Each structure stands twice: as C-alpha cells, then as structure tokens.
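Asker: This is start32.csv, which holds CSV, N, CA and C atoms:
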chain,number,residue,atom,x,y,z
A,1,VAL,N,-8.5,3.2,3.2
A,1,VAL,CA,-7.6,4.3,3.0
A,1,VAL,C,-6.2,3.8,3.0
A,2,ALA,N,-5.9,2.7,2.4
A,2,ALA,CA,-4.6,2.1,2.3
A,2,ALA,C,-4.0,2.0,0.9
A,3,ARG,N,-3.7,3.1,0.3
A,3,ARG,CA,-3.2,3.2,-1.0
A,3,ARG,C,-1.6,3.0,-1.0
A,4,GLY,N,-1.0,3.1,0.1
A,4,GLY,CA,0.4,3.0,0.2
A,4,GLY,C,0.9,1.6,-0.3
A,5,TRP,N,0.0,0.7,-0.5
A,5,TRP,CA,0.3,-0.7,-0.9
A,5,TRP,C,0.8,-0.6,-2.4
A,6,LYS,N,0.1,0.2,-3.2
A,6,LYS,CA,0.5,0.4,-4.6
A,6,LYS,C,1.8,1.1,-4.8
A,7,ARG,N,2.2,1.8,-3.7
A,7,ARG,CA,3.5,2.6,-3.8
A,7,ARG,C,4.6,1.6,-3.9
A,8,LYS,N,5.1,1.1,-2.8
A,8,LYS,CA,6.2,0.2,-2.8
A,8,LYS,C,5.8,-1.3,-2.8
A,9,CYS,N,5.3,-1.8,-1.6
A,9,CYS,CA,4.8,-3.1,-1.5
A,9,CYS,C,3.3,-3.2,-1.4
A,10,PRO,N,2.7,-4.0,-2.1
A,10,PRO,CA,1.2,-4.2,-2.1
A,10,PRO,C,0.7,-4.8,-0.8
A,11,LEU,N,1.6,-5.3,0.0
A,11,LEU,CA,1.3,-5.9,1.3
A,11,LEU,C,0.9,-4.8,2.3
A,12,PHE,N,0.9,-3.6,1.9
A,12,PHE,CA,0.5,-2.5,2.8
A,12,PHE,C,-1.0,-2.2,2.7
A,13,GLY,N,-1.7,-3.2,2.1
A,13,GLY,CA,-3.1,-3.0,1.9
A,13,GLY,C,-3.8,-2.7,3.3
A,14,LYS,N,-3.2,-3.1,4.4
A,14,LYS,CA,-3.7,-2.8,5.7
A,14,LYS,C,-3.4,-1.4,6.2
A,15,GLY,N,-2.1,-1.1,6.2
A,15,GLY,CA,-1.7,0.3,6.7
A,15,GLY,C,-2.1,1.3,5.7
A,16,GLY,N,-1.2,1.7,4.8
A,16,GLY,CA,-1.5,2.7,3.8
A,16,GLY,C,-0.3,3.6,3.6
Rewrite the structure from the file as structure tokens, please.

Answerer:
Amino acid sequence: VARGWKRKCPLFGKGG
C-alpha cells in the first residue's frame, strides 16, 4: 500500500 512513490519520489515505495 505504498503508491505515494509514484506521486513525487519513487523512493517512497516503503511508506506510501
């Protein structure tokens, strides 16, 4: 459930 990575930085694959 870490789609926030596609938002700004793809490094958010962990968080979201």

Asker: Which of chain A end up as helix (DSSP H, G or I) when DSSP is run on this backbone - answer as a PyMOL selection string?

Answerer: chain A and resi 4-7+10-13

Asker: Taking 5 positions as the minimum chain separation for residues in the same chain, which residues sit within 7 Å of residue A:13 when counting only C-alpha atoms? Answer as a list in words.

Answerer: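 Close residues of residue A:13: residues 2, 3 and 5 of chain A.
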
Asker: Could you name the residues that touch residue A:4 at 7 Å or less, counting only C-alpha atoms, but leaving out those on the same chain fewer than 3 positions away, as a PyMOL selection string?

Answerer: chain A and resi 7+12+16

Asker: Can I get the selection written as a PDB file, in the coordinates of the input, with N, CA and C atoms?

Answerer:
ATOM      1  N   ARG A   7       2.200   1.800  -3.700  1.00  0.00           N
ATOM      2  CA  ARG A   7       3.500   2.600  -3.800  1.00  0.00           C
ATOM      3  C   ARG A   7       4.600   1.600  -3.900  1.00  0.00           C
ATOM      4  N   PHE A  12       0.900  -3.600   1.900  1.00  0.00           N
ATOM      5  CA  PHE A  12       0.500  -2.500   2.800  1.00  0.00           C
ATOM      6  C   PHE A  12      -1.000  -2.200   2.700  1.00  0.00           C
ATOM      7  N   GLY A  16      -1.200   1.700   4.800  1.00  0.00           N
ATOM      8  CA  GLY A  16      -1.500   2.700   3.800  1.00  0.00           C
ATOM      9  C   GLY A  16      -0.300   3.600   3.600  1.00  0.00           C
TER      10      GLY A  16
END
